[PDB]
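*Asks:* Questions regarding the structure given below will be posed in turn.
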There are 4 protein chains.
Amino acid sequence: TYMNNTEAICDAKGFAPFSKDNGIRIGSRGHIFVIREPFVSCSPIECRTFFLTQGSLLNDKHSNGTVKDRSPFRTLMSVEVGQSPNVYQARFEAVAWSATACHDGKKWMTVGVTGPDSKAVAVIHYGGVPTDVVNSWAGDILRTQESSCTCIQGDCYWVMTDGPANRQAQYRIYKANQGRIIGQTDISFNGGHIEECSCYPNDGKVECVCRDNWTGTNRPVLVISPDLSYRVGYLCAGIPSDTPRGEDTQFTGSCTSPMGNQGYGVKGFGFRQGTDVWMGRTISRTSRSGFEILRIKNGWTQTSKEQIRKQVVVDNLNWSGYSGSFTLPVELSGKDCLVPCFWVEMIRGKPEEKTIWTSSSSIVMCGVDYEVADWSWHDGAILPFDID
Amino acid sequence: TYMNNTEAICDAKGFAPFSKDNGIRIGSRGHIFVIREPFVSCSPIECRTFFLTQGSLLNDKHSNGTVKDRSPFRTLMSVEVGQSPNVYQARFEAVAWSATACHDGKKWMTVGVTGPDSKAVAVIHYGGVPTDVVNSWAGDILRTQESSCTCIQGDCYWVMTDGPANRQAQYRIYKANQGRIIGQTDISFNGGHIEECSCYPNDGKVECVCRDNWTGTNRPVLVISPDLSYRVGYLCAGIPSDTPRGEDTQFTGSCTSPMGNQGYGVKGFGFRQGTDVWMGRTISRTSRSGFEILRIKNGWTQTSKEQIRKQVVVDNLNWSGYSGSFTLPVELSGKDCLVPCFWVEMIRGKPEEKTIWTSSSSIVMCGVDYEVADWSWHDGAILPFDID
Amino acid sequence: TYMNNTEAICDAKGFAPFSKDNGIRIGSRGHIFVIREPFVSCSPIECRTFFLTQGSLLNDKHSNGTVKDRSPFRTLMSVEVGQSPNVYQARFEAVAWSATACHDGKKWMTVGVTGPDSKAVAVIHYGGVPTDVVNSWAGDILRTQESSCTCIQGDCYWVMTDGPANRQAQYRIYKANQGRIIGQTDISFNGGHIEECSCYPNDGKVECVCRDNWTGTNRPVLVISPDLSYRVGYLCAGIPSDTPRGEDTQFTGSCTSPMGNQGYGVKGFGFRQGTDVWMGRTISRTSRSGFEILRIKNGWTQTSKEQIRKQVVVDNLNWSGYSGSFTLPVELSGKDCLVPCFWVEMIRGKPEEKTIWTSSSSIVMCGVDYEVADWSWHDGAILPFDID
Amino acid sequence: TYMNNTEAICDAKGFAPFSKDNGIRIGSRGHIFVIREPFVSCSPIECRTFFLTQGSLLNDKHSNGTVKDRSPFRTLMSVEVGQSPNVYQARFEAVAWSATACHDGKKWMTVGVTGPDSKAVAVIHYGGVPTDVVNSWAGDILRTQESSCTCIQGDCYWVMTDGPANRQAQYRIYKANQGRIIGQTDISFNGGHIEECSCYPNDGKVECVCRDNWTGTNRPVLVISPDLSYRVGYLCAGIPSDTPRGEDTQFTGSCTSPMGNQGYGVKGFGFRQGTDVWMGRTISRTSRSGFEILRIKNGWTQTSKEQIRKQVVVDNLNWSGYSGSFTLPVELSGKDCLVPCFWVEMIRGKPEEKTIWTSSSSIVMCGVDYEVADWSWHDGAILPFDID
Ligand SMILES: CCC(CC)O[C@@H]1OC(C(=O)O)=C[C@H](O)[C@H]1NC(C)=O
Ligand SMILES: CCC(CC)O[C@@H]1OC(C(=O)O)=C[C@H](O)[C@H]1NC(C)=O
Ligand SMILES: CCC(CC)O[C@@H]1OC(C(=O)O)=C[C@H](O)[C@H]1NC(C)=O
Ligand SMILES: CCC(CC)O[C@@H]1OC(C(=O)O)=C[C@H](O)[C@H]1NC(C)=O
Ligand SMILES: [Ca+2]
Ligand SMILES: [Ca+2]
Ligand SMILES: [Ca+2]
Ligand SMILES: [Ca+2]
């Protein structure tokens with residue numbers, strides 16, 4: 001039976017640990033994939049960690065040079081959340097150097113984008129098999145979320161980017177039924193830049209918090225109705241949740257325009273909470289180190305930095321990276337609303353440590369009704385490996 | 001359909017071997033987790049070994065210093081009983097450096113407690129996903145059984161400790177429906193100390209045998225009705241089943257007070273048998289070596305040491321450690337009552353052997369209707385490993 | 001319920017990536033079988049990669065001399081498509097040094113041929129267990145497709161060869177119900193040579209494109225009704241899709257006779273498309289390097305080389321090998337017709353590289369309704385391995 | 001639903017290969033258990049390989065001295081037939097240094113016998129959990145088949161031995177319903193010796209061919225009705241199928257008495273075929289080398305050596321060992337009778353080869369309606385391993 005992500009978000013007070021794979025610590029000996037983009041996404045029955053492999057395993061020579069972001073050996077596979085991205089438990093989902101995956105209550109749709117930088121093709125899988133195909137409309141690295149895509153009453157949505165990554169590019173939405181592309185829409189944000197959205201279903205509409213990789217230290221935002229009418233802009237809160245970013249003291253927030261004079265960025269997430277927001281970000285403001293989630297009073301519809309709640313998930317002395325959003329269906333949490341959860345990717349190796357390789361492990365957290373003590377669930381792996 | 005742990009315990013005469021993983025012997029080559037607290041617990045369909053990993057694997061450098069009891073890499077995972085705690089068969093249950101897990105006849109509830117020593121949070125998982133959260137009420141190492149928790153007609157119960165470990169602390173019961181905390185109760189035992197209970201369902205009430213880590217060489221005891229009214233005290237039998245302990249010759253038993261002048265302790269178990277008791281303990285009275293189960297005539301309601309039955313499971317020349325209790329549901333044994341089973345953790349490595357590491361394997365036994373020959377199912381691993 | 005491969009083929013425009021195992025790249029560290037003949041085949045529920053092992057694993061001494069095509073250690077096993085042929089995920093299907101496998105909508109029939117070159121026996125497995133047996137009728141290496149066999153409304157068909165491999169031999173069809181041989185038929189092609197057919201269900205009839213290993217650089221062809229009446233000949237198109245082959249400039253096509261003066265060959269595939277054909281082949285015309293698929297206008301019923309569509313799957317600078325055909329059932333793609341898919345085997349090691357061993361990995365593709373950018377999904381493994 | 005092994009045996013003409021694990025060849029690199037007694041046994045749905053591990057893995061130091069037949073680390077586990085006895089696919093069945101296992105159409109009963117030589121206990125598992133316990137009645141190595149046990153219409157039977165192994169001992173039958181011992185019977189064969197029976201269901205009665213380890217080179221035989229009335233004796237055929245044995249030329253057969261003047265023996269099998277027999281045996285008559293199956297005209301009820309059919313499964317230049325019998329249920333083969341299948345254990349290492357270790361792999365065969373070419377499916381492993 002179809003799965004109804006119609007409900008709003010359970011207003012949540014803190015975040016409690018859900019899972020941790022220790023993949024990289026395990027990889028020293030076990031047979032673990034060198035991975036990246038380890039996102040989470042649930043079905044009426046299970047939560048899964050999706051990932052992108054470099055076609056290799058930790059502590060092997062083939063993990064050499066796994067910094068490179070786009071290879072023909074790259075594949076999207078999945079394991080049950082908390083389980084490390086190891087060979088013998090992984091399902092192959094698709095070939096991909098960029099991806100997204102979700103469940104309509106019946107089957108898993110996954111989208112694997114591969115091919116030459118010039119014309120990349122996006123391969124929709126519904127229930128395992130390729131069911132539809134999306135070519136690069138603009139011939140500059142067709143790409144996608146690197147996090148869960150949303151499915152509201154059987155129909156699934158997601159955001160793709162094409163064009164350069166250091167200036168204006170183009171941004172489309174896509175819609176599908178059982179792996180069938182039955183709808184698309186152009187996102188017009190001139191002077192904007194929308195990368196790797198972190199989406200979730202709220203109040204019937206899928207809300208996204210994304211990455212301005214051009215000039216924004218604040219995050220693109222966009223709300224999507226099932227008819228593809230959208231509002232796109234920026235997270236109103238006057239607290240830059242990107243990296244690199246400026247200081248909280250010196251920054252002006254906008255619901256309409258990119259702020260700061262910083263290029264670059266990194267994937268991130270936010271959760272509306274009526275009027276407030278939960279927003280994640282690295283602790284360091286220049287490096288991908290540490291992690292923490294912030295609750296901003298009226299941060300969702302206004303430019304304030306009122307900080308009701310703050311919580312550290314990883315300390316500033318430890319490597320983080322991507323983070324992303326998903327929800328627990330109703331058929332799982334028992335809640336009467338979609339529990340806001342998220343994950344954090346903790347990258348290790350190149351280009352900051354003595355390794356030929358580059359991989360990440362994760363730490364997932366979930367919205368509960370109470371506040372939770374601050375701590376650090378860091379990767380905890382000892383580098384270099386013998387293959388150095 | 002819900003599972004009725006209403007029945008009393010099948011009065012049992014001996015204990016026959018149920019499973020043995022040989023994890024540590026296998027770990028020398030295979031990819032096995034460095035583990036500890038390997039408890040067992042059954043559902044209407046399967047029996048599972050739950051465990052706590054150090055986020056590492058045997059014979060790898062990351063297993064270095066796995067004596068430390070509380071790390072952020074620590075996770076509760078599970079395998080089918082008898083199967084070793086290996087990577088590729090393990091389900092992730094929760095992050096935890098202390099835990100308990102059981103099945104209400106419908107789903108698995110697991111409780112993983114993690115976080116900083118000061119304010120640890122306990123994360124209830126029901127059917128995999130975090131469903132409820134329990135903060136440290138007393139800011140001193142919130143912790144739990146390290147063995148199966150009980151579920152009587154759909155509702156599950158268990159015992160947590162908070163406060164120091166070498167003197168007075170606090171002890172609560174908790175109750176849940178489908179991962180929902182719908183009840184708690186304070187256990188008042190001033191001058192007592194209740195650690196890591198080994199519970200089982202008997203006569204409708206969940207009975208526990210626990211660890212006095214303060215002054216008792218005899219074991220705290222407590223019986224719980226579904227309304228949270230409890231009797232708490234000590235195992236009446238005048239035979240100290242803790243470690244370290246004094247001699248059986250010189251010891252006076254109490255149903256009310258801790259006896260002996262010994263600090264420290266170790267997890268252990270007992271089974272009421274009408275009036276008698278089955279109680280386990282290490283053979284050595286000062287060291288965690290060997291193991292044996294004893295039947296005491298009227299040991300449950302009186303201070304006698306009548307020894308009807310005795311049986312050695314592990315010899316005094318071999319390492320043991322924790323032990324713990326569970327039952328076979330009715331939907332499994334076919335019996336007309338809850339078969340009393342138990343397990344024994346056999347620790348190896350630090351601090352007694354030439355290893356950077358510390359792990360354990362197990363040997364599970366079950367209540368049968370006849371007496372069973374004595375023997376030793378010892379870990380059987382050869383240390384040190386190459387990583388020494 | 002039985003599975004109806006009655007429909008014709010969805011006329012298709014391009015081919016999009018479906019899966020890629022990276023087995024050989026993974027094998028450097030993980031425990032992967034040394035394999036060959038990695039074909040694909042789907043059931044109403046899953047797509048599987050079938051393979052032939054040398055009874056050994058990559059980077060082990062037992063993979064030494066795994067060039068030899070026929071050993072008693074050879075076994076047909078299977079994994080889910082996209083998953084590498086690794087030990088812990090593989091199901092044993094049958095013992096075999098030549099094979100085929102398919103699903104009647106209810107169970108998997110597999111055919112494993114083993115034994116001495118003189119009298120090899122073919123062991124039909126239906127649903128795992130041996131159900132029927134086919135002896136070598138002509139005492140010269142009884143063999144089969146090395147690709148999917150077809151099942152049209154519950155009955156399954158396939159093509160076997162017996163006799164020499166460098167001149168005239170004999171060619172039979174076989175038919176079965178639930179693993180029962182209930183029909184066979186002799187294929188009379190004097191002056192022809194039919195090896196390793198790549199079959200699929202079209203318009204109710206199973207069409208095959210095969211390998212002339214005698215004199216043909218063009219491919220035998222054969223269409224089979226469920227009553228075993230057949231048309232056999234050659235792919236009309238005047239474009240030689242075999243290897244080695246001559247140039248496209250100098251070649252005359254036939255629907256009746258073998259053309260070219262070349263011995264040898266390699267497995268290959270074609271798809272009728274009404275009147276047109278999709279045909280695969282290596283890029284190199286003398287070596288097993290590269291890969292590409294071609295659409296020929298009226299290539300199916302006439303001798304033309306009109307090239308409507310061409311697409312490179314692997315570049316001429318990289319090793320390929322076998323390729324083969326299968327379809328996505330209706331109970332999977334959702335399409336109203338059988339989606340034409342194929343696979344490519346990419347061989348590595350002996351006799352062209354510095355290895356004691358010989359294995360292959362794969363890259364599968366599927367018929368979509370649009371054209372897809374050209375690229376190379378090459379094996380990507382680094383040889384030699386430490387065992388050199 | 002219960003499974004009816006009421007039918008007689010399909011009269012069969014030859015034997016075709018069913019599976020082969022290559023465990024030892026795979027073990028050189030993969031994580032395979034050091035094993036022995038690898039028997040096969042089917043349920044209404046799957047065929048499984050059961051085995052006894054030494055609690056260790058090939059090519060590890062713990063496999064050192066795995067000649068010893070009885071250890072406390074010994075465990076009975078299982079995999080799907082054809083699959084090697086590897087860690088990550090194995091289910092733990094029971095602790096055991098001697099065992100048997102079968103399926104009543106509903107669940108798997110397994111019997112694991114462990115303990116001290118003096119009083120060994122046999123632990124009946126039904127559906128995984130220990131359900132019943134059988135003590136050594138005669139205090140001399142309680143033991144069992146080391147092959148499949150039989151289940152005729154829901155009730156399961158098997159043969160145990162106790163007492164010495166080089167002279168008179170005692171032999172009982174046992175009967176169970178859903179793991180419940182509801183029946184036993186004493187087998188009186190004074191001057192006889194019944195070891196490790198190979199049983200199967202025929203004509204409603206379970207027939208056994210066993211091992212005289214005292215004086216017989218011919219095999220004990222016994223037929224069992226569901227009421228425990230039995231005929232016990234020897235295989236009438238005047239062809240000694242044991243090892244060591246005398247020559248076929250010089251030997252007189254008996255249906256009543258042991259013949260030959262040879263001590264020792266090895267597990268073996270026979271199949272009645274109306275009046276004829278299929279009987280297996282090693283080729284060598286003094287060593288456990290090679291293997292072959294023989295059909296003897298009226299061999300079942302008379303002392304003749306008429307040889308209608310003979311077939312070699314393993315050549316005299318290769319190691320064999322145990323062999324044993326099972327059947328394919330009706331719910332699997334589709335046949336109208338129980339297909340006679342068997343397996344062969346091929347031992348390697350100590351005491352004949354340069355290894356600290358001793359293990360075996362297997363090759364299973366099945367009754368088909370035609371004769372099958374002779375060949376050798378030998379273990380094929382290269383010794384010694386690096387750990388020598
Ligand atoms: C900065 C451009 C960015 C997208 C905004 O490219 C991604 O950058 C990163 C990263 O760590 O910043 C990791 C991924 O592998 C890249 N993805 C692809 C499809 O190339
Ligand atoms: C002595 C205090 C004891 C609880 C009474 O702490 C446990 O001690 C042991 C042990 O082997 O004695 C092992 C566990 O890892 C510890 N658990 C935690 C949560 O730290
Ligand atoms: C050239 C003869 C050919 C069949 C036409 O034999 C196959 O040749 C090849 C190959 O790579 O060309 C690989 C297989 O292992 C062989 N199969 C068997 C059963 O021996
Ligand atoms: C010769 C006595 C024989 C039984 C007749 O003992 C078995 O002998 C062998 C063997 O290879 O001959 C292998 C087993 O491990 C032994 N089983 C036990 C329970 O010890
Ligand atoms: Ca930015
Ligand atoms: Ca104590
Ligand atoms: Ca040719
Ligand atoms: Ca004998």
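By convention here, the chains of the structure tokens are called A, B, ... in the order presented, each chain's residues are numbered starting at 1, and ligands are numbered starting at 1 in the order presented.
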Identify every residue of chain B that has at least one atom within 10 Å of any atom of chain A, counting only C-alpha atoms, and report the result as a VMD selection string.
*Replies:* chain B and resid 30 to 33 54 to 63 71 to 77 86 to 96 112 to 116 118 to 136 178 to 180
*Asks:* Using only C-alpha atoms and all ligand atoms, which residues have at least one atom no more than 10 Å from ligand 8? Output them as an MDAnalysis selection string.
*Replies:* chainID D and resid 166 193:195 210:220 240:245 258:267
*Asks:* Report, in Å to a single decimal, how far apart CA of residue 49 (chain B) and CA of residue 268 (chain B) are.
*Replies:*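 It comes out at 17.1 Å.
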*Asks:* Which residue out of B:359, B:66, B:287, B:53 has the minimum interatomic distance to residue 97 (chain B) when only C-alpha atoms are used?
*Replies:*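 Closest residue, counting only C-alpha atoms: B:53.
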*Asks:* So that I can check the surroundings of residue 352 (chain B), please list as an mmCIF file with N, CA and C atoms, in the first residue's frame every protein, DNA and RNA residue that reaches within 12 Å of it, counting only C-alpha atoms and ignoring chain neighbours fewer than 2 positions away.
*Replies:*
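After the write, selection_19.cif holds the following:
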```cif
data_model
loop_
_atom_site.group_PDB
_atom_site.id
_atom_site.type_symbol
_atom_site.label_atom_id
_atom_site.label_comp_id
_atom_site.auth_asym_id
_atom_site.auth_seq_id
_atom_site.Cartn_x
_atom_site.Cartn_y
_atom_site.Cartn_z
ATOM 1 N N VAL B 67 39.665 -2.342 26.226
ATOM 2 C CA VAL B 67 39.301 -2.585 27.611
ATOM 3 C C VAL B 67 38.292 -1.514 27.994
ATOM 4 N N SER B 287 38.460 -14.687 41.086
ATOM 5 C CA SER B 287 38.734 -14.372 39.689
ATOM 6 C C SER B 287 37.579 -14.781 38.790
ATOM 7 N N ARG B 288 37.519 -14.187 37.605
ATOM 8 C CA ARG B 288 36.473 -14.526 36.654
ATOM 9 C C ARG B 288 36.885 -15.764 35.879
ATOM 10 N N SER B 289 37.054 -16.872 36.590
ATOM 11 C CA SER B 289 37.453 -18.113 35.945
ATOM 12 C C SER B 289 36.420 -19.188 36.234
ATOM 13 N N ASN B 318 39.675 -21.980 33.093
ATOM 14 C CA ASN B 318 39.342 -21.190 31.908
ATOM 15 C C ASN B 318 38.545 -19.938 32.221
ATOM 16 N N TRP B 319 38.749 -18.909 31.407
ATOM 17 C CA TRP B 319 38.139 -17.607 31.625
ATOM 18 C C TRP B 319 36.634 -17.602 31.388
ATOM 19 N N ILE B 347 35.391 -13.903 28.762
ATOM 20 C CA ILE B 347 36.294 -12.826 28.360
ATOM 21 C C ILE B 347 37.735 -13.284 28.175
ATOM 22 N N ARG B 348 38.428 -12.631 27.250
ATOM 23 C CA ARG B 348 39.788 -13.003 26.894
ATOM 24 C C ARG B 348 40.589 -11.742 26.592
ATOM 25 N N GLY B 349 41.897 -11.807 26.803
ATOM 26 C CA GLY B 349 42.767 -10.682 26.520
ATOM 27 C C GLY B 349 43.090 -9.869 27.754
ATOM 28 N N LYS B 350 42.986 -8.548 27.622
ATOM 29 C CA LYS B 350 43.250 -7.622 28.730
ATOM 30 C C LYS B 350 42.192 -7.678 29.834
ATOM 31 N N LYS B 354 48.374 -11.454 26.995
ATOM 32 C CA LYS B 354 49.263 -10.593 26.199
ATOM 33 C C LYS B 354 48.564 -10.014 24.967
ATOM 34 N N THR B 355 47.671 -9.051 25.170
ATOM 35 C CA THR B 355 46.921 -8.471 24.057
ATOM 36 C C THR B 355 46.668 -6.984 24.230
ATOM 37 N N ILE B 356 46.593 -6.266 23.116
ATOM 38 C CA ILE B 356 46.174 -4.873 23.159
ATOM 39 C C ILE B 356 44.656 -4.805 23.330
ATOM 40 N N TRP B 357 44.000 -5.961 23.279
ATOM 41 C CA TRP B 357 42.553 -5.977 23.086
ATOM 42 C C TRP B 357 41.773 -6.758 24.139
ATOM 43 N N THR B 358 40.466 -6.544 24.142
ATOM 44 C CA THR B 358 39.604 -7.215 25.092
ATOM 45 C C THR B 358 38.241 -7.489 24.485
ATOM 46 N N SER B 359 37.900 -8.770 24.454
ATOM 47 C CA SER B 359 36.707 -9.255 23.798
ATOM 48 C C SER B 359 36.214 -10.476 24.549
ATOM 49 N N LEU B 383 46.019 -17.010 22.221
ATOM 50 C CA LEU B 383 46.575 -15.663 22.248
ATOM 51 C C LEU B 383 48.068 -15.760 22.484
ATOM 52 N N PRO B 384 48.817 -14.703 22.125
ATOM 53 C CA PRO B 384 48.291 -13.472 21.527
ATOM 54 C C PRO B 384 48.017 -13.643 20.040
#
```
*Asks:* Any idea what the distance is between atom 14 (C, counted along the ligand's line) of ligand 1 and CA of residue 177 (chain A)?
*Replies:*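 Separating atom 14 (C, counted along the ligand's line) of ligand 1 from CA of residue 177 (chain A) is a distance of 27.7 Å.
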*Asks:* Quick check for you: according to DSSP on this backbone, which residues of region 82-302 of chain C are classed as strand (DSSP E)? Reply as a PyMOL selection string.
*Replies:* chain C and resi 91-95+98-103+108-114+121-126+129-135+150-152+155-162+170-177+180-187+195-202+205-211+220-224+230-234+270-273+276-281+289-296
*Asks:* Measuring atom to atom with only C-alpha atoms and all ligand atoms, identify which of C:196, C:306, C:203, C:186 is nearest to ligand 7.
*Replies:*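 Comparing C:196, C:306, C:203, C:186 against ligand 7, the winner is C:196.
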*Asks:* Just the residues within 8 Å of residue 239 (chain B), please, counting only C-alpha atoms, with nothing from its chain fewer than 5 positions along; format it as a compact mmCIF listing (two decimals) with C-alpha atoms, in the first residue's frame.
*Replies:*
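To be explicit, this is the file written out as result_2.txt:
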```
# COMPACT_ATOMS: atom_id res chain seq x y z
CA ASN B 218 24.95 -11.86 47.64
CA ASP B 248 30.52 -20.97 51.31
CA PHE B 251 28.81 -16.70 54.96
CA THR B 252 25.38 -15.71 56.34
CA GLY B 253 22.50 -15.22 53.90
CA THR B 303 18.88 -18.73 53.78
CA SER B 304 19.92 -22.39 53.25
CA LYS B 305 22.63 -23.86 51.09
```
*Asks:* Quick one, how far is CA of residue 225 (chain A) from CA of residue 209 (chain A)?
*Replies:*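 Spanning CA of residue 225 (chain A) to CA of residue 209 (chain A) is a straight-line distance of 15.4 Å.
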